[PDB]
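Single-structure report; data block below.
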Amino acid sequence: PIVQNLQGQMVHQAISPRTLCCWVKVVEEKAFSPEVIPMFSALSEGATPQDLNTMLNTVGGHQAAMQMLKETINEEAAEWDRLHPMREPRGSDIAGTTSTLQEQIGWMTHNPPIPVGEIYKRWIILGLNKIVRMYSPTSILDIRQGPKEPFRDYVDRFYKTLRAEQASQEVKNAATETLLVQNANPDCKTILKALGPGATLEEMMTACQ
Amino acid sequence: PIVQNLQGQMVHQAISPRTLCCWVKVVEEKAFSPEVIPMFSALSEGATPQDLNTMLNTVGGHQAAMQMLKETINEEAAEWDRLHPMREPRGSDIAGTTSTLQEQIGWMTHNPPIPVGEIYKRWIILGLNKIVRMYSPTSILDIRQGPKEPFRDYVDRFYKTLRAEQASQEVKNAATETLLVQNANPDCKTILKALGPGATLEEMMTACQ
Amino acid sequence: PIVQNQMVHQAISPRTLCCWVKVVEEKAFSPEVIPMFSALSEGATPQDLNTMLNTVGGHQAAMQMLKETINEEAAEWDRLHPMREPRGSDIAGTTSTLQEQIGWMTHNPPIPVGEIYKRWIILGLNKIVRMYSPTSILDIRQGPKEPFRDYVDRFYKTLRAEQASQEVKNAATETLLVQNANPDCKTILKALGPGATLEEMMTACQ
Amino acid sequence: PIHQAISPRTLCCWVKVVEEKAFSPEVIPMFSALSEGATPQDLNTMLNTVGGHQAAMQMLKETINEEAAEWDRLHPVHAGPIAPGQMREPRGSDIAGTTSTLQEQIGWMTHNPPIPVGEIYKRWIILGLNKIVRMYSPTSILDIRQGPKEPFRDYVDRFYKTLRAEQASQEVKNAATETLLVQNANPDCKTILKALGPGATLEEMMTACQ
Amino acid sequence: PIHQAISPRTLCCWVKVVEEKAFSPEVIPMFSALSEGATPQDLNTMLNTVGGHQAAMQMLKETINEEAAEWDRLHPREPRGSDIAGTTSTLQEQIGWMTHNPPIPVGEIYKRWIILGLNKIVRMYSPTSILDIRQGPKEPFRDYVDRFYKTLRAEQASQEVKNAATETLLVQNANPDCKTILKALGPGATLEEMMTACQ
């Protein structure tokens with residue numbers, strides 16, 4: 001990654017072991033649960049395209065997803081080239097495949113900077129979103145409380161599904177206002193209507209325990 | 001966070017990987033056992049609202065709780081606006097949604113400081129308390145020693161339950177004095193009466209091993 | 001904690017806290033928890049020590065006893081010693097501020113509230129380790145089918161839990177160890193004759 | 001590394017990773033990332049702390065021996081004296097850190113211009129790891145066929161894992177994707193996949209067969 | 001170590017490793033890497049924080065006792081045996097000896113005693129002779145080779161003995177199918193070639 005020295009100038013640590021080992025552990029354990037994405041962001045502050053590739057190349061298993069992620073990176077690089085045909089970085093320079101660590105550093109610490117790091121990062125995040133959406137056990141079409149299901153379990157699947165579907169804040173708000181109550185089992189749904197409007201999720205969960 | 005360096009000066013570091021991995025591991029394993037709270041405090045010394053949001057967004061599962069926490073944060077932000085209508089921070093500036101890292105640092109290091117990190121922290125702790133109280137719902141009254149249960153295991157449940165209800169030190173003392181002996185199984189209860197009043201927990205546990 | 005760069009104050013580090021939490025959960029209150037507590041708590045303020053205590057999960061019976069021991073030692077401190085002077089509860093960090101705690105610890109001459117709180121906590125930890133391992137060294141006898149190594153592990157674990165002085169440990173080895181072995185091993189061990197090292201003894205019985 | 005001594009966090013992660021993952025192909029970039037700036041002595045500590053897989057640690061040792069011998073053949077001592085500020089030339093075994101001192105290793109690596117013994121040893125080690133990764137995963141890409149009841153994702157995971165274990169060139173990987181992937185799908189999936197027509201992304205194909 | 005006090009990251013990793021691996025041979029180079037620059041006090045902190053294995057910690061203590069006595073006999077302030085094992089000396093004395101010029105490296109000396117004791121324990125905890133290691137009839141050749149070399153490592157076999165065991169026993173003690181395949185390969189076969197032939 002790139003960091004400024006005490007003197008204020010832009011230099012460069014190599015990716016630290018603590019970072020890598022945390023990243024590796026997290027991807028293993030969580031598979032592609034939606035929280036993997038903000039984790040990836042937080043672990044990759046200031047990363048060069050070379051650090052980003054080390055992160056992708058050290059994930060074990062999930063080769064189907066790593067392969068899709070590679071396709072999405074290819075589609076975004078091609079797209080970058082169409083819109084923007086030392087030297088100027090091509091799409092592949094940004095994904096760090098046809099560029100050197102030295103070139104990458106040049107661009108990132110230039111003034112004004114070309115943050116190839118940040119650009120590659122958005123392509124990776126775009127690929128992760130797709131993979132999180134594919135991997136979710138759950139879907140939009142199926143979100144109703146089971147007849148015997150605790151209200152808390154159902155609320156967990158409801159929000160877990162929203163987060164994975166990458167619902168827009170409007171859609172999330174709509175689903176909270178409507179569905180949550182609408183798709184509850186009849187016992188709970190009845191209790192919930194009695195609370196009347198303006199019921200907090202806290203009040204609703206307390207009412208149905 | 002904004003922590004003091006070895007030289008005693010106040011600095012902005014980005015949230016460290018070691019902090020994040022510990023935090024994520026802890027929340028996973030412990031769910032919302034009461035000790036999550038002092039752990040969250042200790043992990044979030046000097047946090048900016050942006051570091052706090054990273055912590056919240058990297059939690060996996062428990063979306064019902066994350067969603068309640070988000071409601072609590074919304075109620076406190078609105079409340080802050082009612083009492084307080086560079087620039088002054090609004091509710092959403094304190095929750096880090098409408099504000100920049102540079103504004104957040106500005107406010108926190110200003111003299112006199114406006115401690116947005118600390119303020120946001122208290123809202124989050126409020127929401128964690130409600131969640132801890134919901135997730136461990138069994139009343140101290142229903143905690144009774146099983147007929148074959150070792151006295152230590154029962155004492156463990158008793159104090160774990162008390163902690164989860166955030167009992168005031170008075171209430172805790174009252175529950176020890178009353179409920180602990182009272183709800184022991186008959187064998188132990190009998191042994192414990194023989195010891196008489198003013199028995200330390202140590203004496204009591206020794207008597208029933 | 002307070003470390004030298006001059007004496008400065010760091011907040012308790014995450015690496016420290018996660019290790020500490022891990023160790024206490026895995027090990028329960030095996031005797032090695034105590035030197036581990038000491039090594040994790042170098043330079044700790046009473047506020048750091050309370051974070052260490054409050055983050056333990058489970059073992060609430062034990063944490064509750066430990067709290068009682070702390071209460072007894074604080075009261076005792078008040079009886080012998082009635083900026084400001086620290087009361088018992090100031091040392092346990094409940095009625096004192098981080099800034100006061102630092103004040104006391106770096107004053108000249110220093111009032112080492114950290115170190116003082118630390119010994120109260122260690123005292124409580126010793127009691128808990130002894131309770132969680134209550135079997136007397138005298139009742140440690142090799143099972144009829146128990147490998148000699150396992151029995152020797154329980155024997156010295158037990159001695160350590162009683163915090164036996166090195167003299168006492170040597171005396172127990174010399175006396176009690178062969179004595180309480182199962183008859184097969186006990187027989188082999190008598191044949192070895194006196195002056196046998198623990199290594200020789202364990203080799204003979206594997 | 002360059003001089004700090006190898007850090008505990010590094011060593012613990014390294015040991016954890018090699019235990020858990022065995023010799024899955026990702027072990028190699030992991031070894032690289034963990035060994036930035038490493039001296040030959042740091043590299044030996046990494047290899048000596050691996051537990052288990054002694055068959056593999058033994059092969060790795062042989063590979064290291066062959067590469068050292070090979071180095072000697074292409075750089076025998078240049079004859080004659082060593083000027084001051086200068087030092088001797090490293091032989092094969094100096095690079096593998098068996099006949100050299102920490103002090104010498106640092107000498108060579110920080111000299112100007114540098115002799116990067118760390119990097120050279122590292123390439124031998126990586127050569128050895130590649131061989132072991134390929135042995136621990138010997139099934140050909142050609143024998144990877146979707147089970148009759150196997151989810152399409154699982155099969156795709158084996159397919160690309162296998163390709164990675166053979167260190168296939170990007171051309172070969174592309175060729176195998178284009179040819180072999182649909183071809184070796186079970187009949188249900190294979191049928192669905194033909195219907196999709198050409199230019200189907202791996203995403204589209206996995207969606208279609210779930 | 002040299003003066004920092006022993007770091008938590010160091011201690012936690014050490015404790016974790018000893019717990020999980022018991023006294024597998026690799027514990028030794030791990031102990032060495034974790035204890036670079038250690039004072040006798042840091043070394044005692046490492047020994048005192050091991051949980052379990054009290055038979056072994058007790059034998060280790062006896063070996064330290066024998067080596068301290070032996071030190072005294074050969075070198076009768078100057079550090080006595082117990083000063084080196086950090087029992088009768090202070091942190092500040094230990095720092096004195098170690099940074100003196102010329103140095104008396106009490107850290108390093110104590111370290112060798114501890115390693116001497118660890119080797120004895122590793123040898124006792126992995127007692128099976130190389131001779132008793134034979135490929136099972138259905139055992140994959142790689143698993144057998146793993147046991148073979150793990151066993152040799154545990155016995156601290158001299159490089160001569162290791163070579164002899166490779167030359168003889170490895171092929172010799174293979175199951176009959178593999179042993180046959182291995183004879184066909186002829187001499188000068190690399191371990192790689194041998195493992196490939198028997199997979």
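Following the order of the structure tokens, chains are lettered A, B, ..., residues in each are numbered from 1, and ligands are numbered from 1.
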Nearby residues (only C-alpha atoms) at most 6 Å from segment 25-37 of chain C, same-chain spacing under 3 positions excluded, as JSON, numbers by chain = {"C": [22, 40, 129, 161], "E": [49, 51]}
Could the residues in this selection be saved with N, CA and C atoms as a PDB file, in the first residue's frame?
```
ATOM      1  N   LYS C  22      -8.987 -15.063  24.583  1.00  0.00           N
ATOM      2  CA  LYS C  22      -8.742 -16.427  24.081  1.00  0.00           C
ATOM      3  C   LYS C  22      -8.213 -17.316  25.198  1.00  0.00           C
ATOM      4  N   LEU C  40       0.695 -10.384  30.357  1.00  0.00           N
ATOM      5  CA  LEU C  40      -0.174  -9.545  29.528  1.00  0.00           C
ATOM      6  C   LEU C  40      -0.448  -8.158  30.124  1.00  0.00           C
ATOM      7  N   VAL C 129      -8.037 -20.647  40.990  1.00  0.00           N
ATOM      8  CA  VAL C 129      -7.269 -21.782  40.494  1.00  0.00           C
ATOM      9  C   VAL C 129      -7.303 -22.953  41.509  1.00  0.00           C
ATOM     10  N   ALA C 161      -1.145 -26.039  41.121  1.00  0.00           N
ATOM     11  CA  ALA C 161      -2.380 -25.442  41.594  1.00  0.00           C
ATOM     12  C   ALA C 161      -2.398 -25.144  43.069  1.00  0.00           C
TER      13      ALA C 161
ATOM     14  N   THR E  49       4.377 -20.331  31.064  1.00  0.00           N
ATOM     15  CA  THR E  49       3.049 -20.074  30.542  1.00  0.00           C
ATOM     16  C   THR E  49       2.550 -21.256  29.740  1.00  0.00           C
ATOM     17  N   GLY E  51       0.712 -24.500  29.310  1.00  0.00           N
ATOM     18  CA  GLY E  51      -0.287 -25.180  30.130  1.00  0.00           C
ATOM     19  C   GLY E  51      -0.285 -26.672  29.845  1.00  0.00           C
TER      20      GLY E  51
END
```
Exercise: segment 67-81 of chain C partners within 8 Å, only C-alpha atoms, chain neighbours under 3 positions left out, as number ranges by chain | B: 200-201; C: 63-64, 87-89, 91-92, 120-121, 123-124
Who sits within 12 Å of segment 141-156 of chain B, only C-alpha atoms, same chain under 6 positions skipped, as JSON, numbers by chain | {"B": [162, 163, 165, 175, 176, 178, 179, 180, 181, 182, 183, 184, 185, 186, 187, 188, 189, 191, 192, 201, 202, 204, 205, 206, 207, 208, 209], "C": [57, 58, 59, 60, 61, 62, 63, 64, 65, 128, 131, 132]}
Name the residues in contact with segment 92-103 of chain D at a cut-off of 9 Å, using only C-alpha atoms, excluding same-chain residues fewer than 6 positions from it; report them as a ChimeraX atom specification.
-> /D:39-41,43-44,64-65,67-72,75,116-118,120-121,124
Quick one: which residues from chain A are at most 6 Å off chain D, using only C-alpha atoms, as a list in words?
-> residues 17, 58, 60, 63 and 64 of chain A
Write a file of the selected residues as a PDB file, in the first residue's frame, keeping N, CA and C atoms.
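Result saved to selection.pdb:
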```
ATOM      1  N   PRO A  17       1.824  -8.860   6.675  1.00  0.00           N
ATOM      2  CA  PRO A  17       1.380 -10.208   7.062  1.00  0.00           C
ATOM      3  C   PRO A  17       0.086 -10.240   7.857  1.00  0.00           C
ATOM      4  N   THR A  58      -4.436 -15.084  -2.985  1.00  0.00           N
ATOM      5  CA  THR A  58      -4.224 -15.929  -1.795  1.00  0.00           C
ATOM      6  C   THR A  58      -5.509 -16.546  -1.225  1.00  0.00           C
ATOM      7  N   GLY A  60      -8.135 -19.264  -0.954  1.00  0.00           N
ATOM      8  CA  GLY A  60      -8.163 -20.694  -1.274  1.00  0.00           C
ATOM      9  C   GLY A  60      -9.562 -21.283  -1.509  1.00  0.00           C
ATOM     10  N   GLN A  63     -12.834 -21.262  -6.368  1.00  0.00           N
ATOM     11  CA  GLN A  63     -12.284 -20.955  -7.682  1.00  0.00           C
ATOM     12  C   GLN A  63     -13.341 -20.563  -8.737  1.00  0.00           C
ATOM     13  N   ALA A  64     -14.544 -21.128  -8.643  1.00  0.00           N
ATOM     14  CA  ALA A  64     -15.653 -20.622  -9.486  1.00  0.00           C
ATOM     15  C   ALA A  64     -15.825 -19.139  -9.314  1.00  0.00           C
TER      16      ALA A  64
END
```
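With distances restricted to only C-alpha atoms, E:63 is the closest residue to chain C from E:63, E:151, E:35, E:119.
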Hey, which bits of chain C sit within 10 Å of chain E, and for each residue what's the closest pair of atoms and how far apart in Å (one decimal), counting only C-alpha atoms, rows by chain and increasing number, as CSV?
```
residue,atom,partner,partner_atom,distance
C:4,CA,E:4,CA,9.9
C:13,CA,E:8,CA,9.6
C:15,CA,E:9,CA,6.6
C:16,CA,E:8,CA,5.7
C:17,CA,E:8,CA,9.4
C:18,CA,E:12,CA,9.5
C:19,CA,E:12,CA,6.0
C:20,CA,E:12,CA,8.4
C:22,CA,E:12,CA,9.2
C:23,CA,E:12,CA,8.2
C:27,CA,E:51,CA,7.7
C:30,CA,E:51,CA,7.2
C:31,CA,E:51,CA,7.7
C:32,CA,E:49,CA,5.2
C:33,CA,E:49,CA,7.3
C:34,CA,E:49,CA,8.3
C:35,CA,E:49,CA,6.1
C:36,CA,E:49,CA,5.8
C:37,CA,E:49,CA,9.5
C:38,CA,E:45,CA,9.4
C:39,CA,E:45,CA,7.5
C:40,CA,E:8,CA,6.1
C:41,CA,E:8,CA,9.3
C:42,CA,E:5,CA,8.5
C:148,CA,E:55,CA,9.8
C:149,CA,E:55,CA,6.7
C:150,CA,E:55,CA,8.2
C:151,CA,E:55,CA,8.9
C:152,CA,E:55,CA,5.6
C:153,CA,E:54,CA,5.0
C:154,CA,E:54,CA,7.8
C:155,CA,E:54,CA,8.3
C:156,CA,E:54,CA,5.7
C:157,CA,E:54,CA,6.0
C:158,CA,E:54,CA,9.6
C:159,CA,E:54,CA,9.9
C:160,CA,E:54,CA,9.0
C:197,CA,E:62,CA,8.0
C:198,CA,E:59,CA,6.3
C:199,CA,E:59,CA,6.2
C:200,CA,E:59,CA,9.9
C:202,CA,E:55,CA,8.7
C:203,CA,E:124,CA,7.7
C:206,CA,E:124,CA,9.5
```
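From atom CA of residue 176 of chain D back to atom CA of residue 78 of chain A, the distance works out to 21.8 Å.
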